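>
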Amino acid sequence: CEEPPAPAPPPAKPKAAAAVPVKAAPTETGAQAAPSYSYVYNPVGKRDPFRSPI
Amino acid sequence: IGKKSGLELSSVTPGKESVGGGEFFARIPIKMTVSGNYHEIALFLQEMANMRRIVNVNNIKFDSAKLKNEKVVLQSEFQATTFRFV
Amino acid sequence: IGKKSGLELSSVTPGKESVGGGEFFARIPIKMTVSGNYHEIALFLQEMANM
Amino acid sequence: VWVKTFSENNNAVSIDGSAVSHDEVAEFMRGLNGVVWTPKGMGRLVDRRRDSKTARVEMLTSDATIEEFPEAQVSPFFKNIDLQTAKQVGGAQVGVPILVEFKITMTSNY
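Residue numbers (the authors' numbering), protein chains in the order written: chain Pd, 5 to 58; chain Od, 104 to 189; chain Oe, 104 to 154; chain Nd, 114 to 223.
#1: Find the nearest neighbour of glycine 156 (chain Nd) within the set Nd:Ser175, Nd:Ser221, Nd:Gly144 and Nd:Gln206, judged by alpha-carbon distance.
#2: Enumerate in chain order the residues of its own chain whose CB-to-CB distance from residue 100 (chain Nd) is below 8 Å, with the five nearest sequence positions on each side excluded.
#3: Are there 16 or more other CB atoms within 10 angstroms of the CB of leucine 212 (chain Nd), so buried, or fewer, so exposed?
#4: If contacts are defined as beta-carbon pairs under 8 Å, then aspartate 136 (chain Nd) and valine 24 (chain Pd) qualify, I think. What distance do you get, rounded to the angstrom?
#5: Less than 8 Å between the C-beta atoms of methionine 172 (chain Nd) and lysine 200 (chain Nd), yes or no?
#6: Can you pull the DSSP bridge partners for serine 138 (chain Od)?
#7: State buried or exposed for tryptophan 150 (chain Nd), treating a residue as buried only when at least 16 other CB atoms are found within 10 Å of its CB.
#8: Would you list the one or two residues that DSSP bridges to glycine 147 (chain Nd)?
#9: Name the two residues that bound the continuous beta strand (DSSP E) containing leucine 196 (chain Nd).
#10: Does any CB atom of chain Nd fall closer than 8 Å to the CB of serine 56 (chain Pd)?
#11: Please compile the residues from chain Od whose C-beta is within a distance smaller than 7 Å of the C-beta of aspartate 164 (chain Nd).
#12: Closer than 8 Å is the cut-off here; do at least three beta carbon pairs connect the stretch 110 to 126 of chain Oe with the stretch 126 to 138 of chain Od?
#13: If I'm right that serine 42 (chain Pd) touches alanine 145 (chain Od) with Cβ under 8 Å, what's the distance once you round it to whole angstroms?
#14: For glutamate 143 (chain Od), tell me which candidate among Nd:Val159, Nd:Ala139, Nd:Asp160 and Nd:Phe215 has the shortest Cα-Cα distance.
#15: Looking only at C-alpha atoms, which of Od:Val189, Od:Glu111, Od:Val122 and Od:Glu150 sits nearest to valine 176 (chain Od)?
#16: Which residues in chain Od have a C-beta closer than 8 Å to the C-beta of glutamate 111 (chain Oe)? List them in chain order.
#17: Step through the CB atoms of chain Nd and report whether any lies within less than 8 Å of the CB of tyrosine 41 (chain Pd).
#18: Tell me the rounded alpha-carbon separation between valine 137 (chain Oe) and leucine 148 (chain Od).
#19: List the residues of chain Pd that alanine 139 (chain Nd) touches, going by C-beta distances under 9 Å, in chain order.
#20: Output needed for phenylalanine 188 (chain Od): all residues of its chain with C-beta closer than 8 Å, excluding positions within five of it in sequence on either side, in chain order.
#21: Tell me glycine 124 (chain Oe)'s beta-bridge partners as DSSP assigns them.
#22: Is the shortest distance between the beta-carbon of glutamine 178 (chain Od) and the beta-carbons of chain Oe less than 8 Å?
#23: Just checking my contact of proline 57 (chain Pd) with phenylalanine 119 (chain Nd) at CB under 8 Å: how many whole Å lie between their CB atoms?
#24: By the criterion of Cβ-Cβ separation under 8 Å, what are the contact partners of residue 195 (chain Od) in chain Nd?
Set out below in C-alpha cells:
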C-alpha cells in the first residue's frame, strides 16, 4: 500500500506528479462579459425641403 | 434578448469561419433574422451591442414584410460575428 | 400597479443602458405600453411616481 | 446629414435618403414620428416607380397613400408614416459607402 503519506523520495511522485501537474492552468479566466456599448450621434440641420413640398 | 424585445426570431443561421479573415482568429459570422417593430429591432440591436460576449453586429438591413402593406411589420436581418481562434 | 389600475399591459420593453448618459451611472430606460381609460393611465403614472 | 431625393405633393413628402447606421437613422426617425399604418391604397405612382418611369432610387419601397395611427411622436408638426425601408450598402473594392440607405414618407402639418 501507500501510507499516511508514503515513504520519503516521496516515493514515486515523479510519475504521479509528472504525468499530472496537469497542466493545472489553472484557468482563473474565462468568465462573464459586461460587453461594451457604441454611441449615437450626428444630427442636425437647416432649412430645405420639406419646406416647399409640404 | 430577441424574446424580451418582443421579436419573432424567424431564422438564426450560423456562418462559415473566415479562414482568411485573420492570422490569429477564425471569425464565425451569424446572420440573425427577426421581425417586429422599429423600436423593438433598435432595441434588439442595442441589447446585443450591450452584451458581455463577442457579438460584433455590423451590416444591418430591414424592410416591410407585408406584400399588400395592410399592417405595420418589419422583417430585420442583422449580421453579427464572433472571433474564435485559428 | 398596471393591474390594480385596470390597464391591459400590452407591452413592456427594456432599453439599452446609456453608456454616455453619465460618468457614474448607466441609465436603463424601460418603455411601457398600457391601454385603458384616461383616469386609469393618470392613475398608473401617479402610482409609478409614488413607488 | 445629407440625404438623396426629396419629392413632395403639398400634403406629404416622400423622401429618399441615407444615414450613418442604426443610430443616426434612429435619431432622425425619432425626431419625427412613429405610426401603426394600416389600409394602404395602391396608385399609379407606385407602378411608375416599378416602371422606373418617375426617376428615383429603386432600392426603395414604393407608395405614399395610407391611414396612420400614432405610436410615438417627437415633432408635433410631422406625421411620419414609417421608415419604409433601410439597407446598409457596403460598396466594393472600387469604393465605400458602408452606410444605411433608407426611405421614409411623412405628412407634415397643416
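Even for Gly, the Cβ is constructed at its ideal location relative to N, Cα and C.
Working from what's here:
#1: Nd:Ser175
#2: Chain Nd is shown only over 114 to 223; residue 100 (chain Nd) falls outside these bounds and no answer can be derived.
#3: buried
#4: Their Cβ separation, rounded to whole angstroms, is 53 Å, which puts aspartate 136 (chain Nd) and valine 24 (chain Pd) out of contact at 8 Å.
#5: yes
#6: Od:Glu111 and Od:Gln178
#7: buried
#8: Nd:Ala185
#9: 192 to 201
#10: yes
#11: Going along chain Od, no residue has its Cβ under 7 Å from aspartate 164 (chain Nd), so there is no contact; the nearest lies around 19 Å.
#12: no
#13: Their Cβ separation, rounded to whole angstroms, is 12 Å, which puts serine 42 (chain Pd) and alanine 145 (chain Od) out of contact at 8 Å.
#14: Nd:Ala139
#15: Od:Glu111
#16: Residues of chain Od passing the Cβ test: none, with the nearest at roughly 15 Å.
#17: no
#18: 24 Å
#19: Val44
#20: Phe127, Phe128 and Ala129
#21: None, per the DSSP bridge assignment.
#22: no
#23: 6 Å
#24: Beyond the ends of chain Od as shown, which are 104 and 189, falls residue 195 (chain Od); an answer cannot be given.
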